[PDB]
């Protein structure tokens, strides 16, 4: 198809960023409602960090990125994981690989 260029490319990019940001926020909001309804354990970074390293061995230091990464993965990517313990397993797996 025709390549978008100049102003049109930039505007497509801007609107697509807005769409994806709205979907990003929505995926988490919906996951939270669902999590509360099924009694999934509340996400707690501090307590999670007390069974695994959430820094990438010191790579990720920004705590607001550390929180966003794991909180969101817990709710959005693993809706069927019910406990922090069980999710522990998963994060361990993730850092065993690249």
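Numbering follows the first chain given and starts at 1.
>> When the Cα temperature factors in the entry are averaged, is it 56 to 64 or 33 to 41 that ends up higher?
In response: It is 56 to 64 that shows the higher mean C-alpha B-factor.
> Got a sec? Mean C-alpha B-factor, which is higher, 87 to 95 or 4 to 12?
Replying inline: Comparing 4 to 12 with 87 to 95, the higher average CA B-factor belongs to 87 to 95.
>> How does the C-alpha B factor of residue 27 compare with the rest of the chain: lowest, middle or highest third?
In response: Ranked within chain, residue 27 CA B lands in the lowest tercile.
> Which third of the chain holds residue 73 when residues are ordered by C-alpha B factor: lowest, middle or highest?
Replying inline: Answer is lowest: the recorded C-alpha B-factor places it there.
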